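A look at the structure
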Amino acid sequence: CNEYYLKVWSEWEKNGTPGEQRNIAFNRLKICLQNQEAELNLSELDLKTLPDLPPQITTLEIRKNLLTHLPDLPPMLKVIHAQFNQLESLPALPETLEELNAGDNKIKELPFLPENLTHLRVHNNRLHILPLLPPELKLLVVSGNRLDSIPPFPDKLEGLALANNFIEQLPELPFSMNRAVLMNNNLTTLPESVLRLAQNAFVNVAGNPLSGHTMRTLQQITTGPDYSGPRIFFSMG
């Protein structure tokens with residue numbers, strides 16, 4: 001264990017390209033294991049790869065690096081912050097995962113998602129598809145991908161960002177929905193649910209080519225004297 005862990009870390013430390021700072025990585029990798037700390041922070045160390053990690057951690061900060069792939073993750077991890085890398089893939093995710101933030105990478109497919117996942121921020125990637133969404137999921141941010149369809153939403157979802165994708169249709173929104181950013185997509189219609197949302201809610205469907213019919217439909221319903229639906233934001237030209 002601890003004895004043989006340091007083995008692979010000083011191995012990995014030798015192969016470091018001139019730019020990489022595997023030197024300061026080795027320290028924190030060590031310190032993190034010595035005291036058994038729960039958070040490991042290797043962010044902004046120009047790292048191009050990673051060696052197996054300290055099994056005890058529950059938070060993993062490794063953003064703004066050059067990582068293209070990831071080593072299997074600690075099995076008791078709850079949070080990942082891997083934004084601003086070159087990630088093309090992702091390792092399987094621990095059931096214990098709650099936050100998964102891999103913004104600004106190059107991922108195309110995600111792995112199956114833990115049921116305990118609450119926050120998922122994988123914007124500015126290359127997702128062509130999405131895996132089924134976890135029930136306890138609260139926020140979904142997949143803006144700036146290659147999505148053209150999207151699976152059903154969970155009951156407890158409150159926040160949604162599907163901006164800048166090639167989406168043609170939109171599943172029914174749950175009542176829990178509070179913010180929905182659906183900008184710059186290929187929507188010509190809107191599920192009837194958007195109107196049934198809470199009155200404090202907000203929906204942004206700018207950039208979409210909503211059909212003339214859809215528009216007049218909405219114009220009439222939302223201007224009614226009894227409309228207690230959300231505010232909806234549009235654009236023209």
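Residues numbered from 1 in each chain as written, not as in the entry; some residues may be left out. Heavy atoms only, no water.

For this deposited structure, the header cites X-ray crystallography as the method used and 3.40 Å as the resolution.

Tracing the backbone shows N185 in the loop between strand 8 (179–181) and strand 9 (202–204). At a separation of 2.9 Å, a polar atom in the side chain of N185 contacts the main-chain carbonyl oxygen of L162. Among the polar contacts listed, one links the side chain of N185 to the backbone oxygen of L182, at a separation of 3.2 Å. If sequence neighbours within four positions are ignored, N185 has contacts with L162, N164, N165, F166, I167, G207, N208 and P209. (Helix = DSSP H or I, 4+ residues; strand = E, 2+ residues; numbered from the N terminus. Polar contact = N/O pair within 3.5 Å; in protein donor to acceptor, adjacent residues only side chain to side chain. Contact = heavy atoms within 4.5 Å.)

Attention shifts here to the sheet that holds strand 6 (residues 139–141). Sheet architecture is open: 10 strands sit in the order 1-2-3-4-5-6-7-8-9-10, paired in parallel fashion. For this open sheet the edge positions go to strand 1 (39–41) and strand 10 (231–233), each flanked by a neighbour on one side alone. With direction set aside, neighbouring strand axes in the sheet form an average angle of 5°. Sheet topology note: the strand 8/strand 9 ladder contains three bridges and is parallel. Counterpart to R179 in the pairing with strand 9 is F202. (Pairing = 2+ DSSP bridges. Axes fitted to C-alpha atoms, helices over the stretch in contact; angles between N-to-C directions.)

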